[PDB]
Every structure is written in structure tokens, then in C-alpha cells.
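Single chain ahead, written as C-alpha cells, the form deposited in one PDB entry.
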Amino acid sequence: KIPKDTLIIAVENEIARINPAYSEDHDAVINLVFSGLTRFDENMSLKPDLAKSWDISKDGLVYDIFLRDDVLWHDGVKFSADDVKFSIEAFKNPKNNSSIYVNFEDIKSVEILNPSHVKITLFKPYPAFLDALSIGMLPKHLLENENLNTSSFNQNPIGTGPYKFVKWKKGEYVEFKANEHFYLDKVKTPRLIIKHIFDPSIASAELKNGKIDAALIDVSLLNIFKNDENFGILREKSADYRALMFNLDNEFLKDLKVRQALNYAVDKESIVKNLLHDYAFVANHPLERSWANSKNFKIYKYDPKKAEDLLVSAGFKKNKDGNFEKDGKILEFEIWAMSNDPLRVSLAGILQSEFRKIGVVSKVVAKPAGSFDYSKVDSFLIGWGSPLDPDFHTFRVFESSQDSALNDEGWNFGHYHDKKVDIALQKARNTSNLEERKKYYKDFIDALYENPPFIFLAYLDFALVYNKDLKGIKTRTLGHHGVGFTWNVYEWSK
């Protein structure tokens, strides 16, 4: 049995470089080792962390940030303004190829005015900046002469976070020990292990045979825990959605009428009702848990007749087999799903069924996450979503310059290029006035409807399943893959 002083938590995704500069919002380990200037509480409220306070100028261009003087890095060295300037400059240096480059490109200058005071000046307003500064700070004294891209640091990280790095068995687990000088509070469980388990049926089994203490578990597997008193189940809300990603390079899917038709073809109400057992709600756009949600937008209602009318209009005709065809080619394409994710496999199956009903042929291809290039398939059962500022999973996902065929750190895997979307997100992220921001996000949402990059399917709840001995777990609004479910792990204990 797992000792009382050890926490073992399963997490779906890992990261090859435990370094805030390469955060892709998929891991649970950078936030153990590192901490940022700001943080969020159970209500997703912005709170001071490494920074004690801050003032922003009326024009939104200047940030005066005041730091704690009582923080140590894991190696004993004090945390100073030196680190903060090194870090922010590090994220916006193009030679570092940072995954969060777009969160810091707008910084013009970082001035250290006293050892606990930095003055950050921006080219244009970027209200998302304080959310952005929740990213971990890096240690200047260890990395200032390093190649941030390849440094051995990335596999031996030193941070200011609640947990010190111990060892790493690649592909299997990372092991940590409590930071006994953690400025924020005392870490309760001295030993913590994050186990890499990307298939929930395997996670489920390891809960049952006592190999792990906690995991997020797909709704399809919850039945074997609902009547087991040895476990609790915490339902967590999230901003995470699932969708069909259209690859716009595909000869059929590039066509606006075809993409609209495929949207009209899917009975989303039936999916959420039946597959997801109301651990989900129907999705239509990517900001429906945001303040940025326009709440009055157009949608593609389930309408098979309209789908067919659209495909006729696009020049297709049902052949003798009942399949839409144009110029000797039937309208067909592949739908790819992560085979280790039962929800996505089920969804790819349902889409294939829905399309078949209107004479669209498709092939489901299920392969393990990480084993194929998601930007090189006709379509992909994709997911994104962040409870933080609406910029964070929209700019890298939809904007043209973030097309991943051009931008190694872009998340626009479908190669989507829309002028109204580009303009809307750019204005939205660089305007200070909240009401103005909402206006631009409405333009963005409306533009997405007119030129849909996806079929949006559903927003997910997550089920945190945990050994009943576990105390201290707090919920909050999770992100994509349920990331964030370990946000207060330093308060957890047995």
C-alpha cells in the first residue's frame, strides 16, 4: 500500500522540458517546481504570489510590480528582481522558441528600480498580462549562460515552487519532495509522484489495485467507482471543450458549404445526453465559460436536410450508392482520434455515423496520442480550453500566424486562416476597456460561426477519482485535459 507520507497521482500528459518557457498547458509538473508572480485561488481569483502587489497606469501601458523579499529558489539562492527581468526577457527572446512567446512579445522594457520593484513597459495594452505572469519564474543565476532550449536544467529543474525535483524515470513518472522553505505555506505530504498514465482504463485499474491515489477518470468508467466506498468522486467544472478539427488543406473540407453541412449533420443534443451522460454540455464556440462569451450568437442547429441542401449547392450529387459525389470523387475523408481516449474514440464513431446518414463517407482512424502529427490529418477529434483570460486558448489556436505548418509554437493545427478572426483577436487582446474587449470577442465568435474551423461538440466536466484517505482536495474551474486539478496539491494529505 502507498505510504501515508507519499502521494501518487496519475496525469494524462507529461512534458519533456520541465521549464515554464515551454509550458503548453498540458502538464502538472511545472506548477509543482515553479511559481509565478501571480496565482489563482479556488474561485479563480487573481492573487499575489511571488509578487506582493502591483499598479497599472491609466493607459494600460506600464506595470509597477513589487516582489516578496523572503523567497528562496530550491538551491538556497534568494529570488530577486534579477530573475523576473531575466524570465520575462527569456520568454520574448525569439532565440528561445518559447511556447508562451505570444504572451510576452508585447513587452517593450523591464526596469529593475529597486531589488523588489520592476517597472514593465509595454508597446500596447495587454490586459491578459497579469494572468500571463502566473507562469513560473526562472533562475537567472543558473540559466543566464545556458541555451534555454536544450539545457540539462530542463530535466533537473530548480524553482521557487512547493515541490523540489528528485528524479525522473522517462515516460513513467517524475518524483518530487516537499519544499521545506516554501514561502507560501508548509507542504503537507513530503513525497509526491506524478505518474504518466494517458489511458484512463489503466488509471482506473491502478486506483483499484492501490498503485495510485488519484486520477481523472472518463465518465465511461465511473461505474466501477460509484459503489466503492474506498473512493470518492469529485465533479469538476471546466472550460475544456471537444470538437472536430477540420484540416483546411483537405480538398473537401476547405469548402465553406461542406464545413457548414457537416455541422448541420451532427445531433449534438443526442451526444451529450447519451454518450456523456450529462457530464457535459453542448458546445458551439470556444469561450462559453468566459466573461468574453457574447451569449447571443448564431448556431448550427441539427438539420440533416439543410446539410444535404448545402452539399447539393456545393455541386455534389448522391451517386447510386447514396454517397455525395462531385466530378467523379465521393465526398470522403478521415477522422482521427486519440485511441487512448475512449471519449474521443466514441465521438469519432458517432460523427462517422452522423455523416453516413447524409451520404458523406468517412473512415475512423484511432492511434495513440503523440504517435502521429495532428496537423497532417484530414480531421481530428481535438480539444482546448482555459479558465484564464480568453486570449490564452484562442490566439495560438485560431490566429493565422499560429498556423503550425509555419510556426513551430503555433496551435492552429487545422491551418485555419480568417481575416475577421485575426482582426478580432488582435484588437481584443490589446484593448484595456472590458466592454470593448467583449465587443471584439463577439466579433470573433460571430466570425467563427460564419467560417467555422471546427464542429464544436461539448464542454466537459471532469471526474476526479480519489482514494478516500485523501484529505484537503479543493475544486476549481479546470482547463483543457482537466489541468489544474492538482492546483492545491500542497494542501493534500493522508
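Throughout, rigid core stands for the largest set of C-alpha atoms superposing within 1.5 Å between the two forms. Position 1 is the first residue in the sequence shown; the rest follow in order.
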Residue stretch of maximal mean CA temperature factor, 311 to 319 vs 73 to 81: 73 to 81
Greater mean Cα temperature factor according to the PDB record, 378 to 386 or 200 to 208: 200 to 208
Selection by C-alpha B-factor (highest) of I158, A283, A348, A132: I158
Identity of residue with top Cα B-factor, from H415, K363, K254, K186: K186
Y440 by Cα B-factor - lowest, middle or highest third of the modelled chain: middle
Cα B factor band for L470 (lowest, middle or highest third within the chain): highest
Third assignment of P453 from its chain's C-alpha B-factors: lowest
Ranked C-alpha temperature factor of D446 among modelled chain residues, by third: middle
Position of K140 among the chain's modelled residues by C-alpha B-factor, lowest, middle or highest third: highest
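Omitted here: the form deposited in another entry. The next part is about that form.
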Mobile residue between the shown form and the other one, C-alpha criterion 2 Å or more, rigid core, from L222, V364, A178, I193: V364
Core-superposed comparison between the shown form and the other one, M137 Cα displacement 2 Å or beyond: no
Yes/no, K301 Cα shift of 2 Å or more between the shown form and the other one with rigid core fixed: yes
Core-superposed C-alpha of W411 shifting 2 Å or more between the shown form and the other one: yes
